[PDB]
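target_0.cif (mmCIF, C-alpha atoms; chains and numbers go by the auth columns)
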data_my_file
loop_
_atom_site.group_PDB
_atom_site.id
_atom_site.type_symbol
_atom_site.label_atom_id
_atom_site.label_comp_id
_atom_site.label_asym_id
_atom_site.label_seq_id
_atom_site.Cartn_x
_atom_site.Cartn_y
_atom_site.Cartn_z
_atom_site.B_iso_or_equiv
_atom_site.auth_seq_id
_atom_site.auth_asym_id
ATOM 1 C CA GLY A 1 -15.329 -37.130 -66.900 0.00 3 A
ATOM 2 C CA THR A 2 -18.342 -35.224 -68.146 0.00 4 A
ATOM 3 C CA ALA A 3 -20.758 -37.160 -65.897 0.00 5 A
ATOM 4 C CA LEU A 4 -18.703 -36.385 -62.787 0.00 6 A
ATOM 5 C CA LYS A 5 -18.175 -32.772 -63.876 0.00 7 A
ATOM 6 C CA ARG A 6 -21.916 -32.417 -64.506 0.00 8 A
ATOM 7 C CA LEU A 7 -22.917 -33.999 -61.189 0.00 9 A
ATOM 8 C CA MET A 8 -20.417 -31.740 -59.411 0.00 10 A
ATOM 9 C CA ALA A 9 -21.901 -28.689 -61.142 0.00 11 A
ATOM 10 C CA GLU A 10 -25.495 -29.662 -60.295 0.00 12 A
ATOM 11 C CA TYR A 11 -24.561 -30.272 -56.670 0.00 13 A
ATOM 12 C CA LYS A 12 -22.877 -26.862 -56.457 0.00 14 A
ATOM 13 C CA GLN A 13 -25.990 -25.125 -57.805 0.00 15 A
ATOM 14 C CA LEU A 14 -28.331 -27.096 -55.529 0.00 16 A
ATOM 15 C CA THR A 15 -26.258 -26.164 -52.488 0.00 17 A
ATOM 16 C CA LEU A 16 -26.170 -22.500 -53.503 0.00 18 A
ATOM 17 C CA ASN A 17 -29.892 -22.192 -54.296 0.00 19 A
ATOM 18 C CA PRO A 18 -31.759 -25.065 -52.579 0.00 20 A
ATOM 19 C CA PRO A 19 -35.314 -25.966 -53.607 0.00 21 A
ATOM 20 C CA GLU A 20 -37.980 -25.784 -50.916 0.00 22 A
ATOM 21 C CA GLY A 21 -38.527 -28.854 -48.745 0.00 23 A
ATOM 22 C CA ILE A 22 -35.693 -30.901 -50.306 0.00 24 A
ATOM 23 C CA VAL A 23 -32.119 -31.660 -49.212 0.00 25 A
ATOM 24 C CA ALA A 24 -30.053 -33.695 -51.665 0.00 26 A
ATOM 25 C CA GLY A 25 -26.464 -34.567 -52.418 0.00 27 A
ATOM 26 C CA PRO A 26 -23.857 -37.300 -52.693 0.00 28 A
ATOM 27 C CA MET A 27 -23.798 -39.552 -49.649 0.00 29 A
ATOM 28 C CA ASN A 28 -19.994 -39.200 -49.920 0.00 30 A
ATOM 29 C CA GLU A 29 -18.096 -37.037 -52.387 0.00 31 A
ATOM 30 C CA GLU A 30 -15.691 -39.819 -53.345 0.00 32 A
ATOM 31 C CA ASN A 31 -18.704 -41.267 -55.243 0.00 33 A
ATOM 32 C CA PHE A 32 -20.800 -38.592 -56.942 0.00 34 A
ATOM 33 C CA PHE A 33 -22.885 -41.324 -58.644 0.00 35 A
ATOM 34 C CA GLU A 34 -24.875 -42.120 -55.464 0.00 36 A
ATOM 35 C CA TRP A 35 -26.905 -39.349 -53.851 0.00 37 A
ATOM 36 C CA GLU A 36 -29.373 -39.301 -50.989 0.00 38 A
ATOM 37 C CA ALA A 37 -32.396 -36.995 -51.168 0.00 39 A
ATOM 38 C CA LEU A 38 -34.696 -36.101 -48.292 0.00 40 A
ATOM 39 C CA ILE A 39 -38.078 -34.855 -49.501 0.00 41 A
ATOM 40 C CA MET A 40 -40.947 -33.425 -47.473 0.00 42 A
ATOM 41 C CA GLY A 41 -44.583 -33.818 -48.486 0.00 43 A
ATOM 42 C CA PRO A 42 -45.944 -30.389 -49.392 0.00 44 A
ATOM 43 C CA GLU A 43 -48.533 -28.690 -47.212 0.00 45 A
ATOM 44 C CA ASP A 44 -52.172 -29.409 -48.117 0.00 46 A
ATOM 45 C CA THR A 45 -51.374 -32.638 -49.981 0.00 47 A
ATOM 46 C CA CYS A 46 -51.887 -36.377 -49.252 0.00 48 A
ATOM 47 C CA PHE A 47 -48.501 -36.811 -47.545 0.00 49 A
ATOM 48 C CA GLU A 48 -48.144 -33.338 -46.077 0.00 50 A
ATOM 49 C CA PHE A 49 -45.097 -32.893 -43.776 0.00 51 A
ATOM 50 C CA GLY A 50 -43.960 -36.501 -44.159 0.00 52 A
ATOM 51 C CA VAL A 51 -40.202 -36.854 -44.600 0.00 53 A
ATOM 52 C CA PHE A 52 -39.092 -39.386 -47.206 0.00 54 A
ATOM 53 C CA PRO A 53 -35.498 -40.501 -47.859 0.00 55 A
ATOM 54 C CA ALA A 54 -34.497 -41.731 -51.270 0.00 56 A
ATOM 55 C CA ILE A 55 -31.395 -42.760 -53.191 0.00 57 A
ATOM 56 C CA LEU A 56 -30.568 -41.504 -56.694 0.00 58 A
ATOM 57 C CA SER A 57 -28.123 -43.707 -58.621 0.00 59 A
ATOM 58 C CA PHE A 58 -26.670 -42.040 -61.699 0.00 60 A
ATOM 59 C CA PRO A 59 -25.519 -43.824 -64.873 0.00 61 A
ATOM 60 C CA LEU A 60 -22.050 -43.524 -66.379 0.00 62 A
ATOM 61 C CA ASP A 61 -23.410 -41.595 -69.365 0.00 63 A
ATOM 62 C CA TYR A 62 -25.221 -38.979 -67.272 0.00 64 A
ATOM 63 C CA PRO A 63 -26.744 -36.567 -68.330 0.00 65 A
ATOM 64 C CA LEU A 64 -27.594 -38.491 -71.515 0.00 66 A
ATOM 65 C CA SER A 65 -29.519 -41.075 -69.422 0.00 67 A
ATOM 66 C CA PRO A 66 -31.580 -40.428 -66.254 0.00 68 A
ATOM 67 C CA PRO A 67 -30.786 -41.712 -62.761 0.00 69 A
ATOM 68 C CA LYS A 68 -32.716 -44.457 -61.041 0.00 70 A
ATOM 69 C CA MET A 69 -34.517 -43.349 -57.885 0.00 71 A
ATOM 70 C CA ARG A 70 -35.808 -45.361 -54.947 0.00 72 A
ATOM 71 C CA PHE A 71 -37.442 -44.456 -51.635 0.00 73 A
ATOM 72 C CA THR A 72 -35.720 -46.233 -48.748 0.00 74 A
ATOM 73 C CA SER A 73 -38.544 -46.081 -46.194 0.00 75 A
ATOM 74 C CA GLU A 74 -42.110 -47.337 -46.459 0.00 76 A
ATOM 75 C CA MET A 75 -44.359 -45.837 -49.132 0.00 77 A
ATOM 76 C CA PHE A 76 -47.813 -46.682 -50.492 0.00 78 A
ATOM 77 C CA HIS A 77 -48.350 -44.775 -53.715 0.00 79 A
ATOM 78 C CA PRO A 78 -49.618 -45.988 -57.066 0.00 80 A
ATOM 79 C CA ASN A 79 -46.465 -44.789 -58.853 0.00 81 A
ATOM 80 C CA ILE A 80 -43.911 -46.165 -56.461 0.00 82 A
ATOM 81 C CA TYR A 81 -43.106 -49.856 -56.712 0.00 83 A
ATOM 82 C CA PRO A 82 -43.305 -51.951 -53.513 0.00 84 A
ATOM 83 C CA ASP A 83 -39.480 -52.001 -53.347 0.00 85 A
ATOM 84 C CA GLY A 84 -39.431 -48.175 -53.425 0.00 86 A
ATOM 85 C CA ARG A 85 -38.500 -47.585 -57.069 0.00 87 A
ATOM 86 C CA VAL A 86 -39.992 -44.368 -58.462 0.00 88 A
ATOM 87 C CA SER A 87 -41.972 -44.554 -61.735 0.00 89 A
ATOM 88 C CA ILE A 88 -42.322 -41.065 -63.252 0.00 90 A
ATOM 89 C CA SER A 89 -42.064 -39.786 -66.799 0.00 91 A
ATOM 90 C CA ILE A 90 -38.973 -37.610 -66.242 0.00 92 A
ATOM 91 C CA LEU A 91 -36.918 -40.659 -65.175 0.00 93 A
ATOM 92 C CA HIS A 92 -37.271 -42.167 -68.658 0.00 94 A
ATOM 93 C CA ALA A 93 -36.113 -41.023 -72.096 0.00 95 A
ATOM 94 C CA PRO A 94 -38.825 -40.560 -74.803 0.00 96 A
ATOM 95 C CA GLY A 95 -37.911 -44.052 -76.153 0.00 97 A
ATOM 96 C CA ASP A 96 -38.542 -46.324 -73.134 0.00 98 A
ATOM 97 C CA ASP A 97 -42.182 -46.676 -72.043 0.00 99 A
ATOM 98 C CA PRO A 98 -43.128 -43.983 -74.645 0.00 100 A
ATOM 99 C CA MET A 99 -46.862 -44.329 -73.784 0.00 101 A
ATOM 100 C CA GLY A 100 -46.647 -45.629 -70.170 0.00 102 A
ATOM 101 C CA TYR A 101 -46.863 -42.032 -68.880 0.00 103 A
ATOM 102 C CA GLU A 102 -49.011 -38.948 -69.569 0.00 104 A
ATOM 103 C CA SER A 103 -48.372 -37.317 -72.954 0.00 105 A
ATOM 104 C CA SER A 104 -48.151 -33.952 -71.148 0.00 106 A
ATOM 105 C CA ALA A 105 -45.346 -35.103 -68.840 0.00 107 A
ATOM 106 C CA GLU A 106 -41.738 -34.222 -69.656 0.00 108 A
ATOM 107 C CA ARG A 107 -39.260 -36.951 -70.611 0.00 109 A
ATOM 108 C CA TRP A 108 -35.605 -37.209 -69.687 0.00 110 A
ATOM 109 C CA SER A 109 -33.033 -35.231 -71.678 0.00 111 A
ATOM 110 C CA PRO A 110 -29.796 -33.312 -70.857 0.00 112 A
ATOM 111 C CA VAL A 111 -31.760 -30.077 -70.359 0.00 113 A
ATOM 112 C CA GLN A 112 -33.453 -31.693 -67.347 0.00 114 A
ATOM 113 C CA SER A 113 -31.708 -31.777 -63.979 0.00 115 A
ATOM 114 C CA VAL A 114 -31.737 -33.278 -60.519 0.00 116 A
ATOM 115 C CA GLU A 115 -33.691 -30.258 -59.304 0.00 117 A
ATOM 116 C CA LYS A 116 -36.332 -30.915 -61.964 0.00 118 A
ATOM 117 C CA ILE A 117 -36.481 -34.599 -61.027 0.00 119 A
ATOM 118 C CA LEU A 118 -37.069 -33.866 -57.357 0.00 120 A
ATOM 119 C CA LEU A 119 -39.691 -31.196 -58.059 0.00 121 A
ATOM 120 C CA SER A 120 -41.443 -33.747 -60.271 0.00 122 A
ATOM 121 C CA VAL A 121 -41.331 -36.369 -57.487 0.00 123 A
ATOM 122 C CA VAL A 122 -42.825 -33.805 -55.104 0.00 124 A
ATOM 123 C CA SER A 123 -45.669 -33.178 -57.555 0.00 125 A
ATOM 124 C CA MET A 124 -46.208 -36.940 -57.829 0.00 126 A
ATOM 125 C CA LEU A 125 -46.536 -37.184 -54.047 0.00 127 A
ATOM 126 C CA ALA A 126 -49.010 -34.315 -54.073 0.00 128 A
ATOM 127 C CA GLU A 127 -51.036 -35.697 -56.997 0.00 129 A
ATOM 128 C CA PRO A 128 -51.273 -39.507 -56.963 0.00 130 A
ATOM 129 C CA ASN A 129 -52.470 -40.938 -60.289 0.00 131 A
ATOM 130 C CA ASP A 130 -53.523 -44.579 -60.671 0.00 132 A
ATOM 131 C CA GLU A 131 -52.638 -44.932 -64.385 0.00 133 A
ATOM 132 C CA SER A 132 -49.067 -46.003 -63.881 0.00 134 A
ATOM 133 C CA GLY A 133 -49.471 -49.411 -62.291 0.00 135 A
ATOM 134 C CA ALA A 134 -46.178 -49.669 -60.425 0.00 136 A
ATOM 135 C CA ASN A 135 -48.050 -50.486 -57.216 0.00 137 A
ATOM 136 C CA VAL A 136 -51.135 -52.532 -58.105 0.00 138 A
ATOM 137 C CA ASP A 137 -52.659 -52.574 -54.629 0.00 139 A
ATOM 138 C CA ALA A 138 -52.124 -48.833 -54.180 0.00 140 A
ATOM 139 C CA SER A 139 -53.599 -48.022 -57.594 0.00 141 A
ATOM 140 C CA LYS A 140 -56.667 -50.178 -56.927 0.00 142 A
ATOM 141 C CA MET A 141 -57.261 -48.707 -53.483 0.00 143 A
ATOM 142 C CA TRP A 142 -56.788 -45.186 -54.826 0.00 144 A
ATOM 143 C CA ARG A 143 -59.518 -46.034 -57.387 0.00 145 A
ATOM 144 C CA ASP A 144 -61.866 -48.117 -55.195 0.00 146 A
ATOM 145 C CA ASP A 145 -61.344 -47.176 -51.487 0.00 147 A
ATOM 146 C CA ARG A 146 -59.662 -43.789 -51.303 0.00 148 A
ATOM 147 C CA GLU A 147 -60.676 -43.325 -47.655 0.00 149 A
ATOM 148 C CA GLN A 148 -58.549 -46.351 -46.754 0.00 150 A
ATOM 149 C CA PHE A 149 -55.729 -44.929 -48.879 0.00 151 A
ATOM 150 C CA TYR A 150 -56.000 -41.641 -46.984 0.00 152 A
ATOM 151 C CA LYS A 151 -55.854 -43.437 -43.630 0.00 153 A
ATOM 152 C CA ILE A 152 -52.683 -45.244 -44.704 0.00 154 A
ATOM 153 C CA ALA A 153 -51.141 -42.036 -46.071 0.00 155 A
ATOM 154 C CA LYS A 154 -51.590 -40.419 -42.653 0.00 156 A
ATOM 155 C CA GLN A 155 -50.004 -43.389 -40.883 0.00 157 A
ATOM 156 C CA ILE A 156 -47.046 -43.200 -43.253 0.00 158 A
ATOM 157 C CA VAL A 157 -46.615 -39.493 -42.513 0.00 159 A
ATOM 158 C CA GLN A 158 -46.758 -40.074 -38.754 0.00 160 A
ATOM 159 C CA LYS A 159 -44.258 -42.947 -38.895 0.00 161 A
ATOM 160 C CA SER A 160 -41.874 -40.941 -41.082 0.00 162 A
ATOM 161 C CA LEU A 161 -41.768 -38.358 -38.264 0.00 163 A
ATOM 162 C CA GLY A 162 -41.574 -40.992 -35.511 0.00 164 A
ATOM 163 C CA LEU A 163 -44.820 -39.718 -33.932 0.00 165 A
ATOM 164 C CA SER B 1 -13.742 -28.723 -48.626 0.00 574 H
ATOM 165 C CA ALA B 2 -15.395 -32.099 -49.074 0.00 575 H
ATOM 166 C CA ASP B 3 -15.345 -32.668 -45.296 0.00 576 H
ATOM 167 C CA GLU B 4 -17.310 -29.525 -44.399 0.00 577 H
ATOM 168 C CA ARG B 5 -19.729 -29.968 -47.293 0.00 578 H
ATOM 169 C CA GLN B 6 -20.505 -33.479 -46.097 0.00 579 H
ATOM 170 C CA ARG B 7 -21.138 -32.477 -42.471 0.00 580 H
ATOM 171 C CA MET B 8 -23.289 -29.561 -43.628 0.00 581 H
ATOM 172 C CA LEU B 9 -25.405 -31.899 -45.749 0.00 582 H
ATOM 173 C CA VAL B 10 -26.036 -34.129 -42.703 0.00 583 H
ATOM 174 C CA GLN B 11 -26.927 -31.087 -40.594 0.00 584 H
ATOM 175 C CA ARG B 12 -29.398 -29.847 -43.202 0.00 585 H
ATOM 176 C CA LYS B 13 -31.095 -33.247 -43.465 0.00 586 H
ATOM 177 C CA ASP B 14 -31.497 -33.385 -39.680 0.00 587 H
ATOM 178 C CA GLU B 15 -32.943 -29.854 -39.795 0.00 588 H
ATOM 179 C CA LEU B 16 -35.428 -30.716 -42.568 0.00 589 H
ATOM 180 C CA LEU B 17 -36.874 -33.476 -40.375 0.00 590 H
ATOM 181 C CA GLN B 18 -37.008 -31.150 -37.354 0.00 591 H
ATOM 182 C CA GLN B 19 -38.779 -28.464 -39.400 0.00 592 H
ATOM 183 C CA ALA B 20 -41.284 -30.958 -40.802 0.00 593 H
ATOM 184 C CA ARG B 21 -42.129 -32.055 -37.263 0.00 594 H
ATOM 185 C CA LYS B 22 -42.685 -28.441 -36.194 0.00 595 H
ATOM 186 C CA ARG B 23 -44.983 -27.712 -39.131 0.00 596 H
ATOM 187 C CA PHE B 24 -46.888 -30.977 -38.667 0.00 597 H
ATOM 188 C CA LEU B 25 -47.514 -30.323 -34.965 0.00 598 H
ATOM 189 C CA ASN B 26 -48.537 -26.676 -35.466 0.00 599 H
ATOM 190 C CA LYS B 27 -51.065 -27.359 -38.278 0.00 600 H
#
I need this file expressed as C-alpha coordinates, please.
Amino acid sequence: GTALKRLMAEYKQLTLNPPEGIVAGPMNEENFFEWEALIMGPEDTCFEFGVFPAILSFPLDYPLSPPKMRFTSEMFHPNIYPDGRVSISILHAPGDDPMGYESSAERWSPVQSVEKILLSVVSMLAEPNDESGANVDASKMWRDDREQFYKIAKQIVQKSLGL
Amino acid sequence: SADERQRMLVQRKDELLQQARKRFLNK
(Lines of atoms letter the chains of each structure in order from A and count residues from 1; the text may use other names and numbers.)
(Lines give C-alpha, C1' and ligand atoms only; values in the text may rest on other atoms or scores of the structure.)
Protein backbone atom coordinates (compact mmCIF):
# COMPACT_ATOMS: atom_id res chain seq x y z
CA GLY A 1 0.00 0.00 0.00
CA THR A 2 0.89 3.67 -0.17
CA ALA A 3 1.28 3.97 3.62
CA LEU A 4 3.71 1.04 3.74
CA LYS A 5 5.54 2.26 0.63
CA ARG A 6 5.81 5.74 2.15
CA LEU A 7 7.01 4.48 5.54
CA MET A 8 9.57 2.29 3.76
CA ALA A 9 10.79 5.29 1.76
CA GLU A 10 11.07 7.53 4.84
CA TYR A 11 12.97 4.85 6.72
CA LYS A 12 15.40 4.43 3.82
CA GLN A 13 16.11 8.18 3.74
CA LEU A 14 16.49 8.39 7.53
CA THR A 15 18.98 5.53 7.51
CA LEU A 16 20.95 7.09 4.66
CA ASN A 17 21.07 10.62 6.11
CA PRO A 18 20.36 10.44 9.87
CA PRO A 19 19.41 13.56 11.83
CA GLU A 20 21.67 14.52 14.72
CA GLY A 21 20.97 12.97 18.12
CA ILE A 22 18.10 10.74 16.90
CA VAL A 23 17.88 7.05 15.98
CA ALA A 24 14.50 5.89 14.69
CA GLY A 25 12.94 3.03 12.79
CA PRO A 26 10.47 0.16 12.84
CA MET A 27 10.88 -2.05 15.89
CA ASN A 28 10.52 -4.93 13.40
CA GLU A 29 10.20 -4.63 9.63
CA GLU A 30 7.25 -7.02 9.44
CA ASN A 31 5.26 -4.09 10.95
CA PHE A 32 6.30 -0.72 9.54
CA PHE A 33 3.40 0.94 11.42
CA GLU A 34 5.20 0.81 14.80
CA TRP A 35 8.55 2.57 15.15
CA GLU A 36 10.80 3.25 18.11
CA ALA A 37 12.70 6.54 18.29
CA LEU A 38 15.57 7.33 20.65
CA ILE A 39 16.04 11.08 21.10
CA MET A 40 18.79 12.91 22.97
CA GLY A 41 18.23 16.26 24.68
CA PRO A 42 20.27 18.88 22.84
CA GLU A 43 23.28 20.50 24.48
CA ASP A 44 22.56 23.69 26.45
CA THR A 45 18.86 22.91 26.92
CA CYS A 46 16.69 21.81 29.90
CA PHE A 47 17.14 18.08 29.23
CA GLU A 48 20.62 18.18 27.73
CA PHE A 49 22.15 14.72 27.05
CA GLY A 50 19.14 12.84 28.40
CA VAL A 51 18.15 9.85 26.26
CA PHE A 52 14.42 9.39 25.72
CA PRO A 53 12.75 6.40 24.02
CA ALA A 54 9.43 6.82 22.30
CA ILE A 55 7.03 4.87 20.12
CA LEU A 56 5.48 6.26 16.92
CA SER A 57 2.29 4.48 15.82
CA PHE A 58 1.25 5.28 12.26
CA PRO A 59 -2.33 5.29 10.92
CA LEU A 60 -3.53 3.26 7.96
CA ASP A 61 -3.99 6.41 5.87
CA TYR A 62 -0.46 7.71 6.46
CA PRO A 63 0.76 10.23 5.24
CA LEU A 64 -2.70 11.84 5.11
CA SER A 65 -2.94 11.61 8.94
CA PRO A 66 -0.09 11.99 11.47
CA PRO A 67 1.25 9.27 13.77
CA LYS A 68 0.63 9.17 17.49
CA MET A 69 3.78 9.49 19.59
CA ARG A 70 4.46 8.51 23.19
CA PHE A 71 7.54 8.56 25.41
CA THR A 72 8.00 5.21 27.15
CA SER A 73 10.17 6.35 30.07
CA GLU A 74 9.49 9.01 32.68
CA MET A 75 9.03 12.61 31.53
CA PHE A 76 7.89 15.82 33.21
CA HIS A 77 7.16 18.40 30.54
CA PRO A 78 4.16 20.66 30.11
CA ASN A 79 3.46 19.30 26.61
CA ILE A 80 3.78 15.63 27.36
CA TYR A 81 0.83 13.93 29.02
CA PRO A 82 1.49 11.91 32.21
CA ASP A 83 1.13 8.68 30.19
CA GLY A 84 3.86 9.88 27.79
CA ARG A 85 1.71 11.04 24.86
CA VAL A 86 3.28 13.94 22.95
CA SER A 87 1.16 17.07 22.34
CA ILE A 88 2.71 19.17 19.56
CA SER A 89 1.21 21.06 16.64
CA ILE A 90 2.82 18.94 13.90
CA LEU A 91 1.09 15.79 15.20
CA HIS A 92 -2.33 17.26 14.37
CA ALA A 93 -3.95 18.31 11.09
CA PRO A 94 -5.14 21.98 10.81
CA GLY A 95 -8.69 20.78 11.67
CA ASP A 96 -8.23 19.14 15.11
CA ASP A 97 -7.33 21.49 17.97
CA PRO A 98 -7.02 24.36 15.40
CA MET A 99 -6.26 26.90 18.18
CA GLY A 100 -4.79 24.59 20.88
CA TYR A 101 -1.28 25.28 19.53
CA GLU A 102 0.75 28.34 18.47
CA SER A 103 -0.43 29.95 15.21
CA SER A 104 3.22 29.96 14.05
CA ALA A 105 3.62 26.20 14.48
CA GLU A 106 3.29 23.90 11.46
CA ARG A 107 0.38 21.47 11.20
CA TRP A 108 0.39 17.95 9.83
CA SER A 109 0.19 17.41 6.07
CA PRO A 110 1.77 14.96 3.55
CA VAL A 111 4.68 17.35 2.95
CA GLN A 112 5.74 16.79 6.58
CA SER A 113 7.76 13.73 7.54
CA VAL A 114 9.01 11.63 10.41
CA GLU A 115 12.25 13.60 10.35
CA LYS A 116 10.28 16.83 10.73
CA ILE A 117 8.25 15.35 13.59
CA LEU A 118 11.33 14.31 15.53
CA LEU A 119 13.10 17.64 14.97
CA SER A 120 9.95 19.33 16.27
CA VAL A 121 9.91 17.08 19.37
CA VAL A 122 13.56 17.98 19.98
CA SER A 123 12.69 21.68 19.81
CA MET A 124 9.83 21.07 22.25
CA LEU A 125 12.25 19.46 24.71
CA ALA A 126 14.60 22.40 24.33
CA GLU A 127 11.85 25.02 24.67
CA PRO A 128 9.13 24.01 27.14
CA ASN A 129 5.98 26.13 26.82
CA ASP A 130 3.19 26.03 29.42
CA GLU A 131 0.32 26.97 27.05
CA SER A 132 -0.53 23.46 25.99
CA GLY A 133 -1.89 21.96 29.19
CA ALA A 134 -1.19 18.29 28.55
CA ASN A 135 0.60 18.03 31.89
CA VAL A 136 -1.13 20.35 34.37
CA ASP A 137 1.36 19.92 37.20
CA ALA A 138 4.33 20.45 34.87
CA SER A 139 2.78 23.54 33.28
CA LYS A 140 2.01 25.06 36.69
CA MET A 141 5.48 24.37 38.06
CA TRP A 142 7.08 25.73 34.89
CA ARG A 143 5.05 28.92 35.50
CA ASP A 144 5.28 29.15 39.32
CA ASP A 145 8.42 27.25 40.53
CA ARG A 146 10.81 26.84 37.62
CA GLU A 147 13.73 26.08 39.95
CA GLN A 148 11.90 22.95 41.12
CA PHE A 149 11.17 22.10 37.48
CA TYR A 150 14.87 22.45 36.69
CA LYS A 151 15.82 20.17 39.58
CA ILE A 152 13.41 17.51 38.31
CA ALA A 153 14.64 17.90 34.72
CA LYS A 154 18.18 17.15 35.90
CA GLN A 155 17.04 14.07 37.82
CA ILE A 156 15.23 12.83 34.72
CA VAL A 157 18.38 13.29 32.63
CA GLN A 158 20.52 11.43 35.17
CA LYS A 159 18.04 8.54 35.45
CA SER A 160 17.75 8.26 31.66
CA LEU A 161 21.52 7.64 31.61
CA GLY A 162 21.44 5.34 34.65
CA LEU A 163 23.81 7.65 36.57
CA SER B 1 18.29 -7.39 4.23
CA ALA B 2 15.72 -6.88 6.96
CA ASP B 3 17.86 -8.90 9.40
CA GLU B 4 20.98 -6.73 9.09
CA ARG B 5 18.98 -3.50 9.09
CA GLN B 6 17.32 -4.54 12.34
CA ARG B 7 20.58 -5.44 14.11
CA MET B 8 22.16 -2.20 12.89
CA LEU B 9 19.27 -0.19 14.31
CA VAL B 10 19.78 -1.82 17.73
CA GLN B 11 23.53 -1.14 17.56
CA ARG B 12 22.95 2.52 16.72
CA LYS B 13 20.49 2.97 19.60
CA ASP B 14 23.00 1.45 22.03
CA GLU B 15 25.66 3.80 20.62
CA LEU B 16 23.44 6.89 20.98
CA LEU B 17 23.08 6.16 24.71
CA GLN B 18 26.83 5.56 25.06
CA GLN B 19 27.61 8.84 23.26
CA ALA B 20 25.13 10.78 25.40
CA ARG B 21 26.82 9.44 28.53
CA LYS B 22 30.24 10.52 27.23
CA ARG B 23 29.05 14.03 26.43
CA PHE B 24 27.21 14.35 29.74
CA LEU B 25 30.26 13.30 31.77
CA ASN B 26 32.69 15.53 29.84
CA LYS B 27 30.58 18.73 30.09
Could you check which residues have any atom within 8 Å of (-20.0, -36.0, -69.6), counting all atoms listed in the file with coordinates taken straight from the file, and then list them as an MDAnalysis selection string? chainID A and resid 3:8 63:65
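Those residues that approach residue 593 of chain H to within 8 Å, counting only C-alpha atoms, are residues 42, 51, 52, 53 and 163 of chain A; 589, 590, 596 and 597 of chain H; same-chain residues fewer than 3 positions away are not listed.
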Please, which residues in chain A fall within 10 Å of chain H when counting only C-alpha atoms, and what is the closest atom pair and distance in Å to one decimal for each, ordered by chain then residue number, as CSV?
residue,atom,partner,partner_atom,distance
A:17,CA,H:582,CA,8.9
A:23,CA,H:589,CA,7.2
A:24,CA,H:589,CA,7.7
A:25,CA,H:586,CA,6.0
A:26,CA,H:582,CA,7.7
A:27,CA,H:582,CA,7.3
A:28,CA,H:579,CA,8.3
A:29,CA,H:579,CA,7.8
A:30,CA,H:579,CA,6.9
A:31,CA,H:575,CA,6.5
A:32,CA,H:575,CA,8.8
A:38,CA,H:586,CA,9.8
A:39,CA,H:586,CA,8.7
A:40,CA,H:586,CA,6.7
A:41,CA,H:589,CA,8.5
A:42,CA,H:593,CA,7.1
A:43,CA,H:593,CA,8.8
A:44,CA,H:593,CA,9.8
A:45,CA,H:596,CA,8.9
A:50,CA,H:597,CA,7.9
A:51,CA,H:593,CA,5.2
A:52,CA,H:593,CA,7.0
A:53,CA,H:590,CA,6.4
A:54,CA,H:590,CA,9.3
A:55,CA,H:586,CA,9.6
A:159,CA,H:597,CA,9.3
A:160,CA,H:597,CA,9.1
A:162,CA,H:590,CA,9.0
A:163,CA,H:594,CA,6.4
A:164,CA,H:594,CA,9.1
A:165,CA,H:594,CA,8.8
What does the distance from atom CA of residue 22 of chain A to atom CA of residue 114 of chain A come to in Å, to one decimal? 18.0 Å
For the file shown, what are the residues hit by the PyMOL selection byres ((chain A and resi 81-91) around 7), laid out as a ChimeraX atom specification? /A:71-74,77,79-80,92-94,103,107-109,134-137
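Straight-line separation from atom CA of residue 156 of chain A to atom CA of residue 75 of chain A: 14.7 Å.
Take atom CA of residue 58 of chain A and atom CA of residue 37 of chain A: the distance between them is 5.1 Å.
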Expected residue set, 10 Å radius at (-31.9, -30.1, -61.4), all atoms listed in the file, as a PyMOL selection string: chain A and resi 9+12-13+15-16+21+113-121
Of the listed residues A:123, A:18, A:128, A:56, that which approaches residue 36 of chain A most closely, counting all atoms listed in the file: A:56
